[PDB]
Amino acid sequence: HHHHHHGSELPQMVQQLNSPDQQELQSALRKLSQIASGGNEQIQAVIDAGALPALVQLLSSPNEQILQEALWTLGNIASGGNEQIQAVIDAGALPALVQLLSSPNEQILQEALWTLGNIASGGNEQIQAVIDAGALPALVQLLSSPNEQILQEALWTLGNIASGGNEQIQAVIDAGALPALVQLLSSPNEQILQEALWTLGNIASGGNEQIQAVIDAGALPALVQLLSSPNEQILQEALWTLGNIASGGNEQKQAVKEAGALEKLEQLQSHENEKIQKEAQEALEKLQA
């Protein structure tokens, strides 16, 4: 695409977000979307022309075509810099997004989850905003969803929250994530297993309190069993997750040994796949530190 020195064209587009001509409205919405799918400089032009408050307000539209595109514009803006994410938060996006997590329209629901995930990919300030807006309860509930597509989205958003500081991880734990995540570890669906492990491993990246909650919820037997998975990605993920657990205190280390991990970690050091050899030796190092 093409360079454009954004002048009064943008502000006029933002104003047409109010147009009673839904054709003119949609047209402007699409152009704002396209611009926000560019780099940070383009994203910044959209923010600086005042688009955010009107986009956020469109999240209460009863017109799904408008709503879905505004959500998409917001999600793109939130895929930029932390200060861009923070502009979306300041404009009031979070409560409207959290509301949408109860939508029975799976397209809107996915898009809200996606937008939330992008906001939660920012710094700990952005993550804390998501927690404070009350997103956790809905996210945790979606862990029991029979909808694999919604489930993966929810898992990615929770995983993002769980990659923050220890208190942010602890909020995820306090909202009850762990039992549903532990149960996912018995899924026959390896794609789900991979996604659940990404999220659980982040939780296990916390401090000893957070690690002990993982052990308390029953994670270890399921993890240890996945060290025999024939899928090598899963095998990698479970090593990574166990290593994180292993890096805690003596109490945490002892739990890992009691669950039988030590012997498995040792054999996997010789695995054919180098990525596994490396994850295994690094998990063993953590345990044995």
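We number the residues from 1 along the sequence you see.
**Student:** Tell me which stretch, 1 to 9 or 279 to 287, has the higher mean Cα B-factor listed in the entry.
**Tutor:** Per the PDB record, 1 to 9.
**Student:** With respect to the recorded C-alpha B factors, which stretch has the higher mean value, 176 to 184 or 151 to 159?
**Tutor:** Result of the comparison: 176 to 184.
**Student:** In this PDB entry, which of 199, 84, 110, 170 has the top CA B-factor?
**Tutor:** Within the set 199, 84, 110, 170, 170 shows the top C-alpha B-factor.
**Student:** Reading the B-factor column of the entry, which of 95, 117, 123, 207 has the highest value at its C-alpha atom?
**Tutor:** The listed residue with the largest C-alpha B-factor is 207.
**Student:** Should residue 41 be placed in the lowest, middle or highest third of its chain by the C-alpha B factor in the entry?
**Tutor:** Residue 41: CA B-factor falls in the middle third of its chain.
**Student:** Would the CA B-factor of residue 243 place it in the lowest, middle or highest third of its chain?
**Tutor:** CA B-factor rank for residue 243: middle third.
**Student:** Which third, lowest, middle or highest, does the C-alpha temperature factor of residue 144 belong to within its own chain?
**Tutor:** Its C-alpha B-factor, which the entry lists for residue 144, ranks in the middle third among residues of this chain.
**Student:** Taking the C-alpha B-factors as the PDB entry records them, is residue 212 in the lowest, middle or highest third of its chain?
**Tutor:** Highest third.
**Student:** Taking the chain's C-alpha temperature factors as the reference, tell me which third residue 67 falls into: lowest, middle or highest.
**Tutor:** As the PDB entry reports it, the C-alpha B-factor of residue 67 lands in the middle third of its chain.
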